[PDB]
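Only one chain is shown below, in C-alpha cells, and it's the form deposited in one PDB entry.
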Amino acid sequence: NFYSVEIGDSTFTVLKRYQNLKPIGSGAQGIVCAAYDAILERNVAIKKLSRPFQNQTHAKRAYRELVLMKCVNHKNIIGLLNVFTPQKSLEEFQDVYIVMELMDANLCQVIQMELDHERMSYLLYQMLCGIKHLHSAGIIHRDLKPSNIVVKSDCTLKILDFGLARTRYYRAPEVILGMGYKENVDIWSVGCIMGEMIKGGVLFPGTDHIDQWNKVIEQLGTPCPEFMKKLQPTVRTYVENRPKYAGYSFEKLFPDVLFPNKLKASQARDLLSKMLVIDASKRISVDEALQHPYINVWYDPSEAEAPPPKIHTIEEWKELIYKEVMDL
C-alpha cells in the first residue's frame, strides 16, 4: 500500500500516491520534500516527523502542529492536505507525515527584485489576512521572516508555520529586549519585510541582538523616555548610556527613489510610519492595517474577516499524536 523512498539520511515511507519526492525542507522541525499527488495530479509538500514522541518537548511541539493544521484554515496560511502514518498500530506507531500544499518559494529573494505597489501592497494585504486569522485563533507567530513566507507564481501568498507559539532581524523589540508582547507584535515583522522590500536590503542588520537594538534606535529613533522605563533593569541602562539618536524621518529613511500612482508611494510610507514603532503600544494593528488606504484597496471580508478556526507521559503522547494522525 505504501512505498519507501530514501531521501538523504532517512527513509521516507509514504503513500504510493506520492512520487517524485525531493527534499527542500532542511528545517529542524522536520524534513520536507516536494512530491506529486498522482491522485489529484498536483504538487504537494510532504513533511516527516521522525518519532515526534521521544521527549516531552518534541511530542508536544508535534502535537501542537498537528492540532493547529487540522483546525486552522485560510487561503493565506499553509493548508493541510493529509496527515498519515505507515505504522499499522499504536504499538509500532512511531512516524508521522503531513501533506500540505506546495508553494513556489519564500520571500527571501522576491523582495530584492522590483515590484509595483499593486503586487507589493497586495502581497502585504495577504499577509495581514493570514496573520489576522492566525491571531483570531489565539495564535501569535512572533517568528515572521520572509524565510518562512511562501509565495506562488500566481502572486499568491501564504504562511508556513506558527513559528514560536505559546534571521533575527525580523523579530520585534518586545522579543529582542524580552518583554510583554501583544497581538500587534507580528506587525513589527511585517513592517521590516515591507521596508526590507523597498529598501532592497535588511532594514535592521546587526551582528548581535545588541548591535541589533542599536541599529534600530539609531535608524528609527530613541524610545521616548516613558517607554525606556518599561525596560528591564540592565537593558534600560544600556540604552540610557547611548548617544542621542532621534533617528530619521520616513521621508529620508525610505526615499521616493526606492519607489515607482504618485501618492501611493507616500501612502505606503504613512503605513510604515505606523508599523515600525518600537514602543509596541503605539504600533499599528492588523485591523487598522487592513483599513489603511494602502492596503484597503484589496480588502475583502470573506478573506480578511474570516471565521475563527477552533479550540503527560511519553506514552500518553504517542497515543495522543496517533489518535490525531488517525482522525485523518
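For the two forms, the rigid core is made up of the largest set of C-alpha atoms that agree within 1.5 Å on superposition. Throughout, we count residues from 1 along the sequence that is shown.
Student: How about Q29: is it missing from at least a third of the other entries compared?
Tutor: Counting only entries that model residues on both sides, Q29 is unresolved in at least a third of them.
Student: Enter the number of deposited residues without atomic coordinates between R166 and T167, binned as none, 1 to 3, 4 to 9, or 10 or more.
Tutor: Gap size class: 10 or more residues without coordinates, per the record.
Student: Is there a break between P260 and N261, and how many deposited residues does it span: none, 1 to 3, 4 to 9, or 10 or more?
Tutor: Count of unmodelled residues in between: 4 to 9.
Student: Mean C-alpha B factor from the entry: is it higher for 121 to 129 or for 215 to 223?
Tutor: The entry gives the higher C-alpha B-factor average to 215 to 223.
Student: 149 to 157 versus 195 to 203: which one carries the higher mean Cα B factor per the record?
Tutor: According to the entry, 195 to 203 carries the higher average C-alpha B-factor.
Student: Could you check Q291, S273, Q267, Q56 and tell me which one carries the biggest Cα B-factor in the deposited entry?
Tutor: If I rank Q291, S273, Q267, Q56 by C-alpha B-factor, first place goes to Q56.
Student: By the CA temperature factor listed in this entry, which of these ranks top: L21, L15, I314, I24?
Tutor: Going by the entry's C-alpha B-factors, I314 comes out highest.
Student: Compared with the other modelled residues in the chain, in which third is the CA B-factor of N296?
Tutor: It falls in the middle third of the chain.
Student: Could you place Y245 in the lowest, middle or highest third of its chain by Cα temperature factor, using the values in the record?
Tutor: Its C-alpha B-factor belongs to the highest third of this chain's values.
Student: Considering only modelled residues of the same chain, in which third does the CA B-factor of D186 rank: lowest, middle or highest?
Tutor: Its C-alpha B-factor, which the entry lists for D186, ranks in the lowest third among residues of this chain.
Student: Sorting by Cα B-factor within the chain, modelled residues only, which third would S281 end up in: lowest, middle or highest?
Tutor: According to the entry, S281 has a C-alpha B-factor in the chain's lowest third.
Student: Of the three thirds of its chain by CA temperature factor, lowest, middle or highest, which one includes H135?
Tutor: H135: CA B-factor falls in the lowest third of its chain.
The protein also exists as the form deposited in another entry; that form is not presented, and the subsequent description refers to it.
Student: Superposing on the rigid core, I want to see if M113 changes position between the shown form and the other one - specifically a Cα shift of 2 Å or more.
Tutor: Indeed, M113 is displaced by 2 Å or more.
Student: Take the rigid core as the frame of reference and indicate whether the C-alpha of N148 shifts by 2 Å or more between the shown form and the other one.
Tutor: No, the C-alpha moves less than 2 Å.
Student: Taking the rigid core as the reference frame, is the Cα of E226 displaced by 2 Å or more between the shown form and the other one?
Tutor: No, its C-alpha moves less than 2 Å.
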